[PDB]
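Visitor: give me coordinates for this.
(one chain, ligands or ions: 3)
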Amino acid sequence: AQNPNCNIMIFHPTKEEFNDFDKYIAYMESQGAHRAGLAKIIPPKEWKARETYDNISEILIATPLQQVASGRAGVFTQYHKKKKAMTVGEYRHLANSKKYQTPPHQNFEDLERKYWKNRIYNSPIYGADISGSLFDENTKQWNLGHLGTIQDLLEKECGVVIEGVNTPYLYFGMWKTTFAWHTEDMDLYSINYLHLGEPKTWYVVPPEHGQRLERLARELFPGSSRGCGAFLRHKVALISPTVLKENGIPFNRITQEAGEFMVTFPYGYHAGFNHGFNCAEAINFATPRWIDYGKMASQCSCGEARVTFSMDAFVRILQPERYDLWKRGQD
Ligand SMILES: O=C(O)CNC(=O)C(=O)O
Ligand code: NI
Ligand SMILES: [Zn+2]
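Guide: Residues are numbered from 1 along each chain as shown. Ligands and ions are numbered 1, 2, ... in the order given. Let me share the structure:
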């Protein structure tokens, strides 16, 4: 078996290899990449997402989110407080202000130490889940707005025709902005391109060990666990690498820099944080190997994990026994 220790693999496709997206995902998996839950893909030197980012300040962040933490430094939840709308230009200025800017630091490791020591004492503001794309329409390779759709994948694999669309989302981050431990909706893949700015550090649990993380989460957030059997779908819980190590949870970490793609694989739990002002684009996607994961994905029915209407068809077709209960949670 390839990659038995479930290490995060890094790929350097040639421009020829970068033509066929599906084929390269399958190639990465043939090398065991999926066992980590996360892979990095560095595009060939000839590739670019767009000409410049010189004209993006007028994008609107309609609902910036202030991420307010509760708990202890290594075990906390965060809730999102809605703030007034601001442009990306205004957001960038805010990110770079004395209140929110990245502190002096020696290297990525020093900054990581500072993040886990001090995150809970600040409330950074995130621009998340903004529908849109920053890929040039003429970018033909790994353009996250031009991928084959999950609906078409399901149709190709299972013969079912369903409603729904899936399009990319933009994320504007600043120092300490945080993404909580989660897998994707329906345990889909995700792909994330860091367009511009400071890095993003990722933590990931191998899919074959995801239930170990779930069991620890239930112990660490006991009230949340009683409220919902799948409460990590609420995307509010953080657990530090120190606490993961203390509890023997297998995981890996890696830092993504501007110009790099990350792919998360079905049922690969991940979390992380931004180093400073940046902009990422991400979208969910599927492959034939995903279908089994979609069938088995655990659902939140408590009402906290409201999702896109695109997910209705996924649950309806792949999980008909769970559909009624889940739909009650969505309404
Ligand atoms: O970048 C972020 O804030 C969160 N991204 C993801 O969880 C992802 O790409 O799957
Ligand atoms: Ni994700
Ligand atoms: Zn729930």
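Visitor: which residues in the protein form helices?
Guide: Listed in chain order, the helices of the chain (DSSP state H) span residues 21-30, 88-95, 108-118, 150-158, 210-220, 222-227, 241-246, 290-296, 310-318, 320-330.
Visitor: quick one, which of the ones you listed is nearest to residue 68?
Guide: helix 108-118 (14.6 Å; CB to CB). Every C-beta, even on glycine, is put in place using the N, C-alpha and C of the backbone.
Visitor: list the buried residues in that closest one.
Guide: Buried residues in helix 108-118, defined by neighbour count with 16 or more other CB atoms under 10 Å: 111, 112, 114, 115, 116.
Visitor: quick one: contacts for the third one?
Guide: To tie it back to what came earlier, the one meant is residue 114. Residues in contact with residue 114, defined by CB atoms under 8 Å, 6 or more residues apart in numbering, are 103, 105.
Visitor: re earlier: among the helices of the chain, which is nearest residue 133?
Guide: Among the helices of the chain, the nearest to residue 133 by CB to CB is helix 88-95 (14.1 Å).
Visitor: elements contacting that closest one?
Guide: Under the contact criterion of 3 or more CB pairs under 8 Å, 6 or more residues apart in numbering; DSSP states H and E, helix 88-95 touches strand 60-61, strand 125-131, strand 169-173.
Visitor: need those in CSV with distance to ligand 3, can you?
Guide: Supplementary listing: the helices and strands packed on helix 88-95 in CSV, determined by distance: least, CB to the ion, whole Å:
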stretch, distance to ligand 3
strand 60-61, 27
strand 125-131, 18
strand 169-173, 21
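Visitor: tell me which of these sits most buried.
Guide: Highest mean neighbour count of the helices and strands packed on helix 88-95: strand 169-173, a mean of 23 (counted as mean count of other CB atoms under 10 Å).
Visitor: so that strand versus strand 125-131, what angle?
Guide: Taking axes from the mean of the first three to the mean of the last three CA atoms, to 10 degrees, one finds strand 169-173 and strand 125-131 inclined to each other by 170 degrees.
Visitor: so strand 169-173 versus helix 88-95, what angle?
Guide: The directions of strand 169-173 and helix 88-95 differ by 30 degrees, with the same axes, to 10 degrees as the criterion.
Visitor: near ligand 3, which residues of the stretch 101-250 of the chain?
Guide: The interface of the stretch 101-250 of the chain toward ligand 3, taken as CB under 5 Å from the ion, is made up of residue 228.
Visitor: distance of residue 158 from residue 233?
Guide: The spacing between residue 158 and residue 233, counted by CB to CB, to the nearest Å, is 24 Å.
Visitor: wait, residue 258
Guide: As defined by CB to CB, residue 258 lies at a distance of 30 Å from residue 233.
Visitor: and if you look at residue 88?
Guide: Taken as CB to CB, the span from residue 88 to residue 233 is 29 Å.
Visitor: same deal with residue 4?
Guide: Using CB to CB, one gets 29 Å for the distance from residue 4 to residue 233.
Visitor: who's more crowded, the two?
Guide: With other CB atoms under 10 Å as the criterion, residue 4 and residue 233 differ in neighbour count, and residue 233 comes out ahead with 21 against 8.
Visitor: for the residue nearest to residue 61 when sequence neighbours are not counted, give me its contacts.
Guide: Across the structure, with CB to CB, 6 or more residues apart in numbering as the measure, the residue nearest residue 61 apart from its sequence neighbours is residue 127 (3.8 Å). With contact set as CB under 8 Å, 6+ apart, residue 127 has these partners: 61, 64, 65, 88, 91, 170, 171, 172, 173.
Visitor: the last one bridge partners, please.
Guide: Right, residue 173. Beta bridges link residue 173 to residue 278 when assigned by DSSP bridges.
Visitor: likewise the first one?
Guide: With DSSP bridges applied, residue 61 shows beta-bridge pairing to residue 86.
Visitor: what sits against residue 137?
Guide: Taking CB under 8 Å, 6+ apart as the criterion, residue 137 is in contact with residue 143.
Visitor: switch the cut-off to 7 Å
Guide: With contact taken as CB atoms under 7 Å, 6 or more residues apart in numbering, residue 137 is in contact with no other residue.
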